[PDB]
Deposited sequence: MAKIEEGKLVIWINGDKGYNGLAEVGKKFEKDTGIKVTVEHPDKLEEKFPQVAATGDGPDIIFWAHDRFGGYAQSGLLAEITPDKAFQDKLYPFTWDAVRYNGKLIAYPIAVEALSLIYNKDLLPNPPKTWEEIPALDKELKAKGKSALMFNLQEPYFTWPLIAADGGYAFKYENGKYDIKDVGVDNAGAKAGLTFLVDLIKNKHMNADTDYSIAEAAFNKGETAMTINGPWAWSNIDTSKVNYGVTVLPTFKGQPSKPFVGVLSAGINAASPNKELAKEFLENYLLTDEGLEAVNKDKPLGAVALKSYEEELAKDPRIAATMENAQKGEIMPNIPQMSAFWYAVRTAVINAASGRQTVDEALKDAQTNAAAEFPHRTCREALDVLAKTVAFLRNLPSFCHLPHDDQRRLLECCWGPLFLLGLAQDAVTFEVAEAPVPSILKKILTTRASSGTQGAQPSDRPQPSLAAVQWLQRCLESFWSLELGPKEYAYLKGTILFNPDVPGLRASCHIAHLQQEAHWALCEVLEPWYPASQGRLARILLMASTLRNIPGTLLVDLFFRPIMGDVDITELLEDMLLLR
């Protein structure tokens, strides 16, 4: 349960975990305390998962922007660095780790996204984004690209989005306005609109991720790329003469990259708080310490004044700083999680074409500024759905095995059809279901709200969905089939007064109902119930309300 006498450390996979491991070996040889450095995936969300239960690592490394939330949740311990030690680090990096007036982590280094270009290919990197498309046009003539960076993380595309006017939370009087979100204003829209047009014009792929971008650049397939200090290490070992410089300017204005401060926090549930402090203060946060780490993968501008002055001569670090000035420090408030997820969803939906720029930034702006009013409405619909089945003798008189069987694969469509008729727009704020699925869910749902069905149509349709003869191992299969046919005949008579239009309505409603049946029951739980009642077994819960279990 977080073992005593040992020290487990978690750090992102793109950092110099090997260099850190070495500092751990030196630490282990001196104190006799084992130190294991792990780098799990989705660490950003995996830490809080276990941290709450009481387990997890003793020390956690990540940008300050997340620590604020972990603090509120009570997953971190307030560090106790004596005055003397504080003076060794820049007072500028101490604010990044200060939440509600308490230091919640040790500052390690300041990182900022910069433009990395291949000198041999581009002796002169572009000054503006606008001039990139044309630059890609000819580079292609030689089987090469112009720009290639990760599009799966809004962190990389933010500089462009905020360039014109986009921003997370308005800042005034040393305070953040959790209600003022600028992710769907004129500025943000233009920026993301440019990014999309780059994909549409085949100047960039939508599925491009971190790995793809890195490989493509280190192999000389792309002329430029956007990354942080940690990425300079792998480029060196590759035959590429790169150069780190200021990011392109969009619409005359500079790109404002979010500045982050790599920080180390101590788990509030660890019995090695002292062993931790000792390690982060007398080993890692030292000239030799940060050098070992930096040696593996660059840390940018280290918080340790002494070691910072040595690397200050590095032209690459200077570029990172130039870019950092143009940008702004990341907020560390609890809502930052909701923000990032909302933005991540918008950028990916727009790049993949599942949504338009306006549609994407529309939902993000609403989700970024998060009520579980959605879930509470799903619960009402579910209960409603139970009352609907308790009535309707046709279903109550069916064999119990059939009742449980029809329920096992119909509660989904039945429930969704309930949300529709109950007129409840949803705000999926999941601060892991696939975006494609979620997007498909709402499209179908909005399809019902625009078709404007009546009370009869809904009722007869529900019958068509409930009594499904195709359900494997069904006893009263023939009778159920006769029941579905009746509902289908009724659904038609309610649409019979026609001359022209009602004809395309039956096919429309029908196909729409079919898309409902193709929605993962698992997805429904994670989107409407889990967030309010933890893990849940709908089939089980429903058989209880209907006394079938």
Parts of the chain sequence, as deposited, that carry no C-alpha coordinates in this structure: 1-2, 373-374, 436-462
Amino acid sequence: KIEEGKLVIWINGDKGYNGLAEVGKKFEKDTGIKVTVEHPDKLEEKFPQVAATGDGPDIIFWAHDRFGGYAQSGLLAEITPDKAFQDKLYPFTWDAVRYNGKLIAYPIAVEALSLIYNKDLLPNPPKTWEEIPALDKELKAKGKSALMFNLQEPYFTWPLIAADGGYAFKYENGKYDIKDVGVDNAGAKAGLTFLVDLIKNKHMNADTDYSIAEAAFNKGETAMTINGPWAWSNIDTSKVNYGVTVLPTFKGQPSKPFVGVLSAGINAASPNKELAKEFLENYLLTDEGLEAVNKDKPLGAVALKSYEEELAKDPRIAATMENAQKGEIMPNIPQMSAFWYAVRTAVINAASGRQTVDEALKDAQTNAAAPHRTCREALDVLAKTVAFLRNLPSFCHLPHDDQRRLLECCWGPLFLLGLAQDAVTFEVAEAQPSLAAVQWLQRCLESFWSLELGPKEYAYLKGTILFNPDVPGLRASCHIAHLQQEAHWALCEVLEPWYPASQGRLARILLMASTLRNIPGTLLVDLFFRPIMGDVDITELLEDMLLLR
From here on, numbers count along this sequence of modelled residues.
Segment of higher mean CA temperature factor, 395-403 or 84-92: 84-92
Which of 336-344 and 240-248 has higher mean CA B factor, as the PDB entry lists it: 240-248
Among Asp177, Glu130, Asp296, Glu214 - the residue whose C-alpha B-factor is largest in the record: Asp177
Residue selected from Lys200, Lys144, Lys277, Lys384 by maximal Cα B factor: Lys144
Third of the chain, ranked by Cα B-factor, where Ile2 sits: highest
B-factor third for the C-alpha atom of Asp380 within its chain: middle
CA B-factor placement of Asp65, once the chain's modelled residues are sorted into thirds: lowest
Ranked C-alpha temperature factor of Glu288 among modelled chain residues, by third: highest
Third of chain Cα B-factors occupied by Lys305: highest
